[PDB]
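# Examining the three-dimensional arrangement
Here's the letter readout for the chains.
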Amino acid sequence: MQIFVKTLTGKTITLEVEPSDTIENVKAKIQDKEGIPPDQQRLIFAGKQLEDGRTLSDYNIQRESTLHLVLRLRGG
Amino acid sequence: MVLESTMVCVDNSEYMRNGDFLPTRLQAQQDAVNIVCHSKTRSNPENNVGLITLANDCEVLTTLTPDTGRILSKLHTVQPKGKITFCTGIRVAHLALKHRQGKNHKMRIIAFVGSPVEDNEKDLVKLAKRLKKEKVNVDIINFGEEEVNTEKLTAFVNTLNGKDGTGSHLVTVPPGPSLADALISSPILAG
Amino acid sequence: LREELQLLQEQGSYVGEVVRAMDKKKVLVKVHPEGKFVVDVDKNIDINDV
Amino acid sequence: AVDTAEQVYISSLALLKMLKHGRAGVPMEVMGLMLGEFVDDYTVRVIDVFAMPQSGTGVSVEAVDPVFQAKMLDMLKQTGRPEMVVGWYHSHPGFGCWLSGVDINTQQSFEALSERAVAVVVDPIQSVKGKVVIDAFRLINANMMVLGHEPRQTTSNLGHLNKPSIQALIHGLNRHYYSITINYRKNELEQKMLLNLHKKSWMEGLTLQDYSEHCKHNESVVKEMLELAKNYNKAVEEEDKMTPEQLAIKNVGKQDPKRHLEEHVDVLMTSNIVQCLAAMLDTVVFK
Amino acid sequence: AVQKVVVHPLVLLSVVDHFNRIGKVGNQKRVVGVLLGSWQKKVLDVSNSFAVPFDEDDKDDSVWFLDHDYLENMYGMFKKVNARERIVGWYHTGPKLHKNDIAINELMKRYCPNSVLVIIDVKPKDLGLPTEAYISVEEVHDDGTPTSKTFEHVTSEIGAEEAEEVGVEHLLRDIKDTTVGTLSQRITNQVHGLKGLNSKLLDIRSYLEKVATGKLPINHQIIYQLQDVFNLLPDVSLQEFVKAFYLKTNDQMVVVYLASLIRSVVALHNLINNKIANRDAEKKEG
Amino acid sequence: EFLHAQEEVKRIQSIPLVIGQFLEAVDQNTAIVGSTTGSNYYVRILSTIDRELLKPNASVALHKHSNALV
Amino acid sequence: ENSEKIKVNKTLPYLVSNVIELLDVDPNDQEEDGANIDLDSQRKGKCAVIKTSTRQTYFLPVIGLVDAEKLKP
Amino acid sequence: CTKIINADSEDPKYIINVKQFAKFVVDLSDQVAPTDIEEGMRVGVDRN
Amino acid sequence: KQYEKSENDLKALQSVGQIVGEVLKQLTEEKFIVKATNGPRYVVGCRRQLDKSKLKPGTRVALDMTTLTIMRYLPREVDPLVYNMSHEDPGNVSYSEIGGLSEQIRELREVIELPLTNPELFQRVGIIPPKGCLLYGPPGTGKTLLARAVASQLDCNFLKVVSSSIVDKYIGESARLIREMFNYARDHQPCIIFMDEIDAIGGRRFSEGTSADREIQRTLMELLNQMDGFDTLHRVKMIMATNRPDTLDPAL
Ligand SMILES: Nc1ncnc2c1ncn2[C@@H]1O[C@H](COP(=O)(O)OP(=O)(O)OP(=O)(O)O)[C@@H](O)[C@H]1O
Ligand SMILES: [Mg+2]
Ligand SMILES: [Zn+2]
């Protein structure tokens, strides 16, 4: 199924996944399209923080719903 | 899903204070608001349900929010005392829906009137043609007691869904204190 | 006046103590408690003036 | 490629949010977002700035939960008009401006989605009143550092105008990032209304000044001005003497008359000429 | 109750940018927002603000809206991101004191007890200070209504800060009147404030437009001060107000006469300091 | 313009500031100080300091890295 | 991955020191977010004061790989 | 050049000592056995 | 649980040690002036949250390494020689075990136990109770034993001193302990100082034979001044013991 990954950068990323897929597989697919490891990524679905240990169906994420992508932030 | 925003206008007028309806007039319309805000949320998760009034003091009692914990808190000892002022009820309904986060939603308002109104029919028809230029569809549902065969409200709905509107209705009140869960089964089933 | 903003970042100069000079244009100078240094002279300083 | 004439336009509005958030938590490295409006491959415009709750250490500073980020941007779209994150900043406390080994790392995270995330340093200590030292940066590939190939293909006479500090040159400049020349977007929309709003008064001058004590203060200076002139009745008398370049190095322990003796003359003038003139207008105006 | 208010130039500026962001409506909008600050030592402080969504329709202009969820969460973020910061009241863009600002203050006083408002300027032309603030006082009193409530202006000025003084003095870089000597007072308040008294003489000339033709409420509590001003008009020139005026001119000018006498001798000692460097080098150098 | 550059020079008067002590001066606008790290230095000065507030045995501020008079 | 990263930053030159004192410091009042720091004063266990054998004293809020129970002045 | 206080079991982990500065925990190089690094013996040590 | 420890170890390795300093005075609201325990004096700033009014001249603070600004204030130190001099005695001997010299036991009780519990009687007569007293005699009569009777009574503010650990070969470290023992004594107001075998540090004086007894007479004259020089020596009682009091300084 298709999903929307709407970043904070005005940009919407489309991915083809399955409802039993883990979030770490979704962040792996973003790594295939962008080159960013899943530690540097945070996924937000309707104000909720997503965990890699559960699947899309545990958070009731379905076809073509909107995610939020915020990146990891550590300065020094 | 479909883009709307359901906006309820509760009735805290002073004619709704007795006990002719069985638990309370207040609590019976409250659970009617409780089940439709479960009907709009579960059919579309984007709709928030907040309440406004059309009394003498048109207050934002609860904010337009998707939570009902403020709605459930204020509707107890809500003090339904006040003179009805429906002539500004159009303005406090319409200007609220222009404060929404989306204008691409369908402007859908329900209105609960359970008191005798003292509006001018010449003033609301200027407000109805105002809503013709504002493209607003409102299903007005009558509760309580009123001037029976509701005066100025048949003439307002007709001047609401005019000019190819043809989709709004006027759910009138039966003058019998029965259970009001079956009275509002016609808006929850279809439009 | 506005040169000194780009002049004072130059590091300071040490101060030492001449003992005696020798052959081939060098002097023997000791620092505060730091060891004696065999250093050369600049061109604007005479050895017999030292 | 790029032309090293990048010319980042910022604002008049964002930099006060930069320094106030930068200085209220100054010795820790505070940071935030840059919410702006992209233009062409050459220039970029950053109009709005907001920070986040952070968690830090001495040498490192992190962020916390990302739900703050998306909810903040939703509220700024619905109020005003929507924008897009053009970059990010941080604040070296009293250092200067460079990318440290951890500052470079979260930049590397942000340059992936858009390749033009501007990295900005603000120092709210080095900035006294004038220079505000800012010096926005952006990474260069260390892969081309391995190639020995010099990037960025200079095609305009605009880049090599400001010279870098040696202390920023000790750090990664110029082996992993570069500098950008910037200026400020100024307009009568704002420039007229911070000038003609800040330093203004209403009665400070149509009023008199402690009328029994102003004339008393006209002796509180003149009394020691006698003996200060006695030093001026002293120091000229030791001239036609030892070569007054010597009279510069020698007189650094004590105060000279000559400079101090024209110091009070300005004070004993403007205290009097103002107070005499302002009194003689109220005779005309007030009846 | 409140001594005075202290406004930073940031919140002064943090309304103008929002006035630009809603400037595309064209027709009519007042900027109304939440004012944040921390009043201490009986002195009102103003630090930060934003603006809340707000609209207004002209027919029956008693219908306002404050999206309080936007007020709840964004202040909750601001209480998070600065716990020193809190609410101090509100503001509006204030051209001409619109009518809804009698109960906007009463709508949101359940947060701030002394919910102060601030009237700002978007088109600056004056000779005063173009920031105005009122306060809420109510009265069951003299003549008007059983329920009466009128706003009263507490004095206003723009406070500075060591952080932001770096910023604004870098952001000016424009025509300035620094080097305060004998001349800055002449132009900050002798050229200027005398014309500042114009628009206050002319302001009470504007209330005077009702002699037989203007608005129907007439005086009752406006003329007790105007009766006093011609009563407290100052003393005439007959007494030793003549004589003691010549007395102090005969004292203040003596100090100027001494100080100018010094000015001639000092530059004369400087004159020989150039005649020592003129004649003693033409034979030496050539 | 001179008054704008007059105040600009004090950006060197920032916060990581170390303490020496005045000893003497060779000439105009160049002096000899002794830091509290034991070693003495021959330093340049900053021009805006009134020179006539120096040498009983004066406490002075010194720059951190370049170590000049501040 | 942790035991690798600990092995990298457990590298053996060791400036040996002496434990002067082992604190009990309380959380501060008042702390705020935006410039929040989990490093200074959020817990009470444990801070300590050391003295290196280069005659240098240091404060530390975080002890490190060794806990606080088996340490003593 | 330095002076060694003691070794310890299971591991090299030598305790070293220098003239006025601190005491360190050090290791060998490849060019020497751990045999003739007995305790209380002066040894030469790189600066980094 | 083994993973949970290995994640705090990741959280450990971002912390940076902080320079321990000391506050000298306060120039302006942000200009502070401190001196490290390393060396030189520094001019420094602070945080805008950390109570710039409470930095009195005298207190002990923490600094940053990189930017060198004050991050935090701290209390006083307790110099772990004296902490390991304070309360490391598990001795439980008692007055029933000593026997034969009960006249002196009541005599010694009078300076250390009586006015600490009932001071109002001396204030009525008008005299001050004694500061301290010493115990001299032939070896092995119960001098060290009698202090061990008192030592099983206090346990937290009783300070036994061997009078030979207090000397070391550095410059001023021998006299730093005597300062920082009695600074610990005023902080714990009911307290007893015990000083066994003072003949090591006591001495008489000399005409300065060796270089060693230069810096011992400095260590001795710090003790003499801290007893009765410009300080109300209150609630701090001193007990001293020796085998031979021939070799004592008459100023002591
Ligand atoms: N009066 C006494 N009653 C019982 N036992 C005693 C008495 N005096 C001494 N002893 C025994 O003698 C031992 C030595 O005691 P202590 O160290 O106090 O002697 P001292 O007077 O301090 O001699 P020195 O000053 O030479 O050490 C103790 O262990 C104790 O058992
Ligand atoms: Mg003994
Ligand atoms: Zn940084």
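Residues numbered from 1 in each chain as written, not as in the entry; some residues may be left out. Chains lettered and ligands numbered in written order. Part of a larger assembly, values for the part shown. Heavy atoms only, no water. Residues with missing side-chain atoms left out of burial classes, pairs and counts.

## Points about the overall build of chain B
Of regular secondary structure, chain B possesses six helices and five strands. Each helix (α) and strand (β) of chain B, taken in turn from the N terminus, gives the series β-α-β-α-α-β-α-β-α-β-α. Whereas a compact globule of 191 residues would reach a radius of gyration of roughly 16 Å, chain B reaches 16 Å, a difference of no more than 12%. With respect to the three principal axes, the spread of C-alpha positions in chain B is 40 × 40 × 30 Å. When burial is assessed residue by residue, chain B has 48% of its 191 residues classed as buried. Residue pairs at least 24 apart in sequence account for 76% of intrachain contacts in chain B once pairs closer than 6 positions are excluded. Surface exposure of chain B reaches about 10,000 Å², of which carbon and sulfur atoms provide 54%. Here chain B holds 23 positive side-chain charges and 21 negative ones, and the gap between their average locations is 8 Å. (Helix = DSSP H or I, 4+ residues; strand = E, 2+ residues; numbered from the N terminus. Rg over C-alpha atoms; globule rule 2.2 N^0.38 Å. Buried < 20%, exposed > 50% of the residue type's maximum accessible area, 1.4 Å probe, protein only. Contact = heavy atoms within 4.5 Å. Areas by Shrake-Rupley, 256 points an atom, 1.4 Å probe, with all protein chains shown as cover. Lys, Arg positive; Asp, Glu negative; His and termini not counted. Charge placed at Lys NZ, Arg CZ, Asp CG, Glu CD.)

## Focus: the overall build of chain E
In terms of helices and strands, chain E carries 11 helices and nine strands. Radius of gyration (C-alpha) of chain E: 28 Å, far over the 19 Å computed for a compact globule of 286 residues. Here the C-alpha coordinates of chain E stretch approximately 90 × 60 × 40 Å along the principal axes. Expressed as a percentage of the 286 residues in chain E, the buried residues total 36%. Across chain E, the fraction of contacts at a sequence separation of at least 24, relative to all contacts at a separation of at least 6, is 62%. Counting only carbon and sulfur atoms, one obtains 57% of the accessible surface of chain E, whose full area is about 17,700 Å².

## What about the sheet that holds strand β2 (residues 48-52) of chain G?
Within a sheet, each strand pairs with its neighbour through backbone hydrogen bonds, oriented either parallel or antiparallel. Taking strand neighbours across the sheet as the criterion, the four strands line up as β1(G)-β2(G)-β3(G)-β1(I) in an open arrangement whose pairing is antiparallel. The open sheet terminates on both sides in strands that have one partner only, identified here as β1 (17-22) of chain G together with β1 (18-19) of chain I. By the bridge criterion, four bridges tie β2 of chain G to strand β3 (residues 57-60) of chain G in an arrangement that is antiparallel. Across the sheet, the residue bridging to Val49 of chain G is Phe59 of chain G, located in β3 of chain G. (Pairing = 2+ DSSP bridges.)

## A few points about the pattern of salt bridges
Residue and element names in this part refer to chain B. In total, this model carries 43 salt bridges over all chains according to the counting rule given. With its nearest N and O atoms 3.0 Å apart, the salt bridge here joins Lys126 to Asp123. Here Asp123 and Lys126 lie together in helix α4 (residues 121-132), a separation of three residues that amounts to about one turn. Note on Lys126: relative accessible area 45%, which makes it partly exposed. Ionic pairing is found between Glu134 and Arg130, a salt bridge with its closest N-O pair at 3.0 Å. Assessed through its relative accessible area of 14%, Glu134 is described here as buried. Exposure remark for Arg130: the relative accessible area of 43% places this residue in the partly exposed category. Salt bridges sharing common partners tie together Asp20, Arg25 and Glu145. (Salt bridge = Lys/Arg side-chain N within 4 Å of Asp/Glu carboxyl O.)

## Here's the deal with the interface of chain D and chain E
Counting residues at the interface gives 70 residues for chain D and 75 residues for chain E. Each partner contributes to the roughly 6,800 Å² buried at the junction of chain D and chain E, and carbon and sulfur atoms together form 71% of this total. Among the residues of chain D in contact with chain E, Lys129, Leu197 and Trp202 of chain D are the three that bury the most area, contributing 11% of the side total. Between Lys129 of chain D and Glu165 of chain E there is a salt bridge whose closest N-O contact spans 3.2 Å. (Buried area = accessible area lost by both parts, 1.4 Å probe.)

## Describing the site of ligand 1
Residue and element names in this part refer to chain I. Close to ligand 1 lie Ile98, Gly99, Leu101, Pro139, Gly140, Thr141, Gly142, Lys143, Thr144, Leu145, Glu197 and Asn243. Within the contact set of ligand 1, an oxygen atom lies 2.9 Å away from a backbone nitrogen or oxygen of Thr141. A distance of 2.9 Å separates an oxygen atom of ligand 1 from a polar atom in the side chain of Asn243. Computed on the free molecule, ligand 1 has an accessible area of 620 Å², of which 58% lies beneath the protein chains in the complex. (Near = heavy atom within 4 Å. Polar contact = N/O pair within 3.5 Å; in protein donor to acceptor, adjacent residues only side chain to side chain.)

## Examining the coordination of the zinc ion (ligand 3)
Residue and element names in this part refer to chain D. Coordination sphere of the zinc ion (ligand 3), protein contribution only: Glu29 (OE), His90 (ND1), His92 (ND1) and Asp103 (OD), at 2.1 to 2.8 Å. The site at the zinc ion (ligand 3) holds four donor atoms, and with the angles between them running 64 to 131 degrees, its shape is irregular. Mapped onto the polypeptide sequence, the residues donating to the zinc ion (ligand 3) form the spacing pattern E-x60-H-x1-H-x10-D. Placement of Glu29 in the loop between α1 (14-24) and β2 (31-38) and of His92 in the loop between β6 (84-90) and α3 (103-110) is noted, with a sequence separation of 63 residues between them. (Donors = N, O, S within 2.8 Å, 3.2 Å for Na, K, Ca; no water. Tetrahedral: all angles 85-135°; square planar, octahedral: opposite > 155°, others 65-115°.)

## What to know about the packing of helix α1 (residues 2-9) of chain G against helix α1 (residues 2-12) of chain I
The axes of two packed helices give the description: the angle between them and the distance between them. One can describe the packing of α1 of chain G onto α1 of chain I by two numbers: an axis separation of 10 Å at closest approach and a directional angle of 40 degrees. Of the possible angle classes, the one that applies to α1 of chain G and α1 of chain I is oblique. Between α1 of chain G and α1 of chain I lies a crossing whose hand is left-handed. Contacts between α1 of chain G and α1 of chain I pair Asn2, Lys5 and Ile6 of chain G from the former with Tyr3, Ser6, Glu7, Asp9 and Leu10 of chain I from the latter. Residue composition of the contact of α1 of chain G with α1 of chain I, by class: three nonpolar, two polar and three charged. (Axes fitted to C-alpha atoms, helices over the stretch in contact; angles between N-to-C directions. Parallel < 35°, antiparallel > 145°, perpendicular 65-115°, else oblique. Left-handed = near helix turned anticlockwise from the far one by under 90°. Nonpolar A, V, L, I, M, F, W, Y, C, P; charged D, E, K, R; others polar.)

## A word on helix α8 (residues 214-228) of chain I
An α-helical segment advances 3.6 residues per turn. Residues three or four places apart therefore align on the same side. All names here are of chain I. With 15 residues, α8 extends 23 Å from end C-alpha to end C-alpha; this agrees with the ideal 21 Å at 1.5 Å per step. Considered for burial, the residues of α8 that qualify are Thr219, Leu220, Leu223, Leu224 and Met227. In an axial view of α8, the angular spread of the buried residues amounts to 140 degrees, which keeps them on one side of the axis. Check the buried side of α8 and you find it contacts α7 (173-187) and β10 (236-242). Immediately beyond the C-terminal end of α8, within one or two residues, lies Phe230, with a positive phi of roughly 60 degrees. (Expected span 1.5 Å × (residues − 1). Arc of directions from axis to C-beta.)

## With respect to the pairing of strand β5 (residues 60-63) of chain I
Here is the key point about a regular strand: its side chains alternate between the two faces of the sheet. All names here are of chain I. Here β5 shows two buried faces, one formed by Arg60 and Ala62 and the other by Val61 and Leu63. In terms of strand pairing, β5 meets strand β6 (residues 70-74) through four bridges, oriented antiparallel. Within β6, the position partnered with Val61 by the bridge is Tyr73. Where β5 folds back on β6, the antiparallel hairpin that results is connected by six residues, among which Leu68 adopts a positive phi of roughly 55 degrees.

## What to know about the domain arrangement of chain E
Size of an interface: often given as the accessible area lost when the parts come together. Taken as a whole, chain E is organised into domain 1 (2-182) and domain 2 (223-282). Computed over C-alpha atoms only, the centres of domain 1 of chain E and domain 2 of chain E are separated by 44 Å. (Domains from an automatic or database assignment.)

## A short note on the environment of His192 of chain E
Mapped onto the elements of the fold, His192 of chain E is located in helix α7 (residues 192-196). With residues up to four places along the chain from it excluded, the contact list for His192 of chain E reads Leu127 and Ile187 of chain E.

## Here we look at the state of the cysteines
All names here are of chain B. All chains considered together, the criterion is met by zero disulfides over all chains. For the unlinked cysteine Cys9, the closest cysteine sulfur is that of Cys58, found at 7.4 Å. Free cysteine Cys87: the closest other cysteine sulfur is in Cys58, separated by 10 Å. (Disulfide = S-S within 2.5 Å.)

## Digging into the sheet that holds strand β5 (residues 61-63) of chain D
On the basis of which strands lie adjacent, the open sheet formed by three strands has the order β6(A)-β5(D)-β4(D) and antiparallel pairing. For this open sheet the edge positions go to β6 (74-75) of chain A together with β4 (54-56) of chain D, each flanked by a neighbour on one side alone.

## Considering a nonpolar patch on the surface
A contiguous nonpolar patch, built from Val284, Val285 and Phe286 of chain D together with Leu197 and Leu201 of chain E and spanning about 450 Å² of accessible area, is present on the exposed surface. Its relative accessible area of 41% is what places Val285 of chain D among the partly exposed residues. (Patch = residues over 30% accessible without salt bridge, like charges linked within 9 Å, V, L, I, M, F, W, Y side chains within 5 Å.)

## Side note on the arrangement of the chains
Across the 14 pairs of chains that are in contact, the largest number of contacts falls between chains D and E. With respect to C-alpha atoms, chain A approaches chain I no nearer than 10 Å, and the pair has no contact.

## Brief notes about a negative patch on the surface
Residue and element names in this part refer to chain H. Judged by side-chain charge, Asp8, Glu10, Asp36, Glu38 and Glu39 come together as a negatively charged surface patch. For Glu39, the location among the structural elements is in the segment after β3 (25-26). Given the relative accessible area of 48%, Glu39 is considered partly exposed.

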